[PDB]
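Before any comments, here is the structure.
Excluded from the calculations below are hydrogen atoms, water molecules and symmetry mates; all remaining heavy atoms, backbone and side chain alike, are included. Sequential numbering from 1 along the given sequence is applied to the chain's residues.
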Amino acid sequence: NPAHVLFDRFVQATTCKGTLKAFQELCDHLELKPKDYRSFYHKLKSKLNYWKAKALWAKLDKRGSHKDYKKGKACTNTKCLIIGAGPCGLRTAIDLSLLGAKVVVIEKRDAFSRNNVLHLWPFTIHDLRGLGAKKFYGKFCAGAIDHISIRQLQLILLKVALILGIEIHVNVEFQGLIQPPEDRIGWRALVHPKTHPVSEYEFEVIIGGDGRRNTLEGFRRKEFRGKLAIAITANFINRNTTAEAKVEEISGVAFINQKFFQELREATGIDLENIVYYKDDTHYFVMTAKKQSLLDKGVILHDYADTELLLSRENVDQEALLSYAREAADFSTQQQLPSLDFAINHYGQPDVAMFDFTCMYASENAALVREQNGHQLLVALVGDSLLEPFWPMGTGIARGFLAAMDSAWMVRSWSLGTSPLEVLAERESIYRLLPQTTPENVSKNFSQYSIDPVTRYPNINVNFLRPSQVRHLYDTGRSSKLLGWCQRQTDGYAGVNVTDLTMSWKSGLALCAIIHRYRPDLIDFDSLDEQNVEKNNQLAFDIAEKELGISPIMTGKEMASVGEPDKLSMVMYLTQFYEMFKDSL
Ligand SMILES: Cc1cc2nc3c(=O)[nH]c(=O)nc-3n(C[C@H](O)[C@H](O)[C@H](O)COP(=O)(O)OP(=O)(O)OC[C@H]3O[C@@H](n4cnc5c(N)ncnc54)[C@H](O)[C@@H]3O)c2cc1C
């Protein structure tokens, strides 16, 4: 069965682009429209009768049947935008999908490239298994493995997300919010490129899952400055031989082995406070190295006053850095690994990297609400943008996923009509615990974990803060859409300037430009003479009729002499181009 082959190719895809393409090919073959999100998942599992697929349906159905989701109707009418397809953005997206919301994720990259390896708490392993992780990554947490690379976690969550009808757009950089206009269009996003279909999306919830670079306004950062702290990560090719399998992991609770560090410093000049080894798709090491040792070995060329000069690509000898990392890895595993060949990163270089942990950040607040021109927008942070992890402690995914579930619960309460201040008060009451969570003070009964915070935080007081304590987090300060669409799509075209839906169309160049924007094979826009008003109009009209099936409302000569085109007719005509092409860039 060809649909089975397409499903297999989707499941087995090894890149973000390859996953998106296999999924689109599966949907086309099955004649399914993911953008009709309220029915997509049910139609897909009805149409695809494949034993492999049915195994996955049972897991997702079981997850979605929890009473917290209200059978998928708690958020049926809520539109959410997620910034970032990292693990925490995608995990949030997935729970928002199970509540019935429409969800769109925009991601500025188009590849999952990070090889570094993430520690997983037991509850997260159980969460991921329950989402079908093993059907996308057969080796997932095999035996006593409790880690996974960043990019493999991204691939699993991407696949789950696509199955549920979540929309994922790569090569889209979020730049800002666009307030609603006056007098009905809601909140929108400024994205690059602004011609992207997602510029049409109006949403009531936006989630910042874009790590440190996140620049949603209204989230003041708390700074935690400590002693100079430098971490080095490294990945080596893992050929899964028997020699390689025998080498024992180094857990990262193991450093509390200080004699080893003294021996290592005296034998090699490498002075570490901690080193971690995970045996995963790569042999992954992370270590924290003292500044003086890195100068002594030539990794850092000059000792600058403070760090961002100290750790600049100009002040760091890459070959010495590679040597230092390999040497530390080899000694820490006692030269039992046959070979230490660097895996190759995004840029085609050996995969070593250095990071500054001297200052870490966390948002004062997880959420806020914006209201303008009658439209309310729930804004919240999740993941590294909310609370930065110190990798050796293994809290990144655990607290990202707690906050993902907390955010889902917040959006559930929003959609059910809870007043904004009570939504915020509850969210902030939950958020106050996040930097105290450990595998032992968080709930133990994984089989009953749900987005309901009571299932995850024993004895939580969700009314710790009063609504009056979060007043400062509520901030009060012609199809116009069609017009805005034509403006963005025609921007940059010589001779065109769309300021209305009548006068700006008499020359014919604007519509020729709309056609060229989406079907450059049908028209040479550059060859056109702006003075040939009748010829250019009629060319646009004929192409649209013959190639696009849009019936003309007038002739070129009628347009060339009209004075002002009827606007009801202009709008009926232009809207057909809008509907044909708006989702289609
Ligand atoms: C280079 C690097 C190495 C790391 N190494 C380790 C490690 O060894 N061990 C460890 O435990 N943790 C490590 N981490 C942290 C770990 O990746 C995160 O804790 C984890 O992935 C969860 O973070 P997140 O999903 O919130 O954000 P991230 O994983 O940072 O994902 C953010 C996503 O948002 C996208 N994005 C950013 N800005 C925009 C925008 N304007 N528009 C659209 N998309 C945008 C980014 O491309 C990215 O895909 C590393 C992080 C980085 C950046």
Side-chain angles (χ1 to χ4, degrees), residues 87 115-129 139-150 152-153 224 226-236 238 244-256 258-265 268 270-290 293 325 327-337 353-355 357-358 360 362 384 387-402 433-444 446 456-458:
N115 298 309
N116 287 356
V117 177
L118 307 156
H119 172 78
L120 302 175
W121 295 7
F123 94 81
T124 65
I125 297 172
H126 180 89
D127 181 51
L128 287 167
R129 277 176 195 144
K139 274 152 51 212
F140 172 78
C141 290
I145 305 276
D146 56 354
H147 47 76
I148 180 169
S149 72
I150 297 159
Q152 189 53 258
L153 187 49
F224 302 90
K227 278 141 86 198
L228 184 65
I230 309 190
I232 292 165
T233 59
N235 289 290
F236 304 98
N238 173 12
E244 276 166 300
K246 304 211 163 133
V247 182
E248 265 158 29
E249 291 199 344
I250 302 168
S251 88
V253 65
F255 74 99
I256 59 80
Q258 257 66 48
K259 159 179 170 201
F260 164 81
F261 293 118
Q262 175 170 12
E263 300 177 293
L264 171 69
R265 184 184 72 253
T268 73
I270 296 179
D271 191 9
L272 306 180
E273 312 188 270
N274 201 8
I275 189 159
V276 170
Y277 162 49
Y278 297 148
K279 177 183 299 149
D280 199 277
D281 296 345
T282 60
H283 299 293
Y284 158 87
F285 292 78
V286 57
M287 63 200 80
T288 69
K290 296 177 179 164
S293 147
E327 185 172 2
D330 202 17
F331 193 96
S332 92
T333 52
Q334 309 165 282
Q335 314 184 69
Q336 304 179 4
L337 285 158
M354 189 149 38
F355 304 84
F357 272 104
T358 302
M360 295 179 64
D384 280 22
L387 164 69
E388 298 183 345
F390 183 50
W391 308 338
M393 294 172 189
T395 56
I397 290 296
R399 294 173 171 171
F401 277 26
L402 291 174
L433 303 175
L434 198 55
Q436 300 180 27
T437 49
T438 75
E440 308 299 328
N441 69 19
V442 86
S443 167
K444 291 315 192 112
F446 304 142
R456 296 174 286 112
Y457 299 101

**Asked** Where do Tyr457 and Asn441 land on the side-chain contact (heavy atoms from CB on, under 4.5 Å) test, with the steps shown first?
**Response** CA-CA 8 Å; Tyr457 299 101; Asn441 69 19; over 6 Å; no
**Item:** Separation between CG of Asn238 and CG of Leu337, rounded to the nearest 0.5 Å
**Value:** 8.5 Å
Can you name the salt bridge (charged side-chain N to carboxylate O under 4.0 Å, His left out) partners of [X], sequence neighbours left out?
X	answer
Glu388	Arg212
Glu327	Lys297
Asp271	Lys290
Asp281	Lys139

In chain order, what residues pass the side-chain contact (heavy atoms from CB on, under 4.5 Å) check against [X], with sequence neighbours excluded?
X	value
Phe224	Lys222, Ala362
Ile397	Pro87, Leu118, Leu120, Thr124, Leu153, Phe401
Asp146	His119, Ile125

**Asked** Excluding sequence neighbours, so at least two apart, what forms ring-ring contact (aromatic ring centres under 6.0 Å, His included) with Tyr284?
**Response** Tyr278
**Prompt:** Taking only residues two or more places apart in sequence or in another chain, which ones pass ring-ring contact (aromatic ring centres under 6.0 Å, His included) with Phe446?
**Reply:**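 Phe446: ring-ring contact (aromatic ring centres under 6.0 Å, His included) contacts with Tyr449.
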**Asked** Which of these, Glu248, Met287, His283, sits in a side chain to side chain contact (heavy atoms under 4.5 Å, CB included) with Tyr277?
**Response**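 Only one option passes, and that is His283.
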**Request:** Compute whether any side-chain donor of one residue and acceptor of the other, for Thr233 and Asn116, lie under 3.5 angstrom apart.
**Result:** yes
For residues 328-336, run the donor-acceptor check on the side chains, cut-off 3.5 Å, and write out each pair with its distance to 0.1 Å, sequence neighbours left out.
from   : atom 1 : to     : atom 2 : distance (Å)
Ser332 : OG     : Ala329 : O      : 3.2
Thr333 : OG1    : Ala329 : O      : 2.9

**Item:** Those residues that, when tested against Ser293, pass side chain to side chain donor-acceptor pair (under 3.5 Å) (two or more places apart)
**Value:**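 Once residues adjacent in sequence are excluded, the partners of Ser293 under the side chain to side chain donor-acceptor pair (under 3.5 Å) criterion are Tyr324.
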**Message:** Run the side chain to side chain donor-acceptor pair (under 3.5 Å) test against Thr268 and tell me which residues pass, sequence neighbours left out.
**Reply:**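 By the side chain to side chain donor-acceptor pair (under 3.5 Å) rule, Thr268 matches no residue at all.
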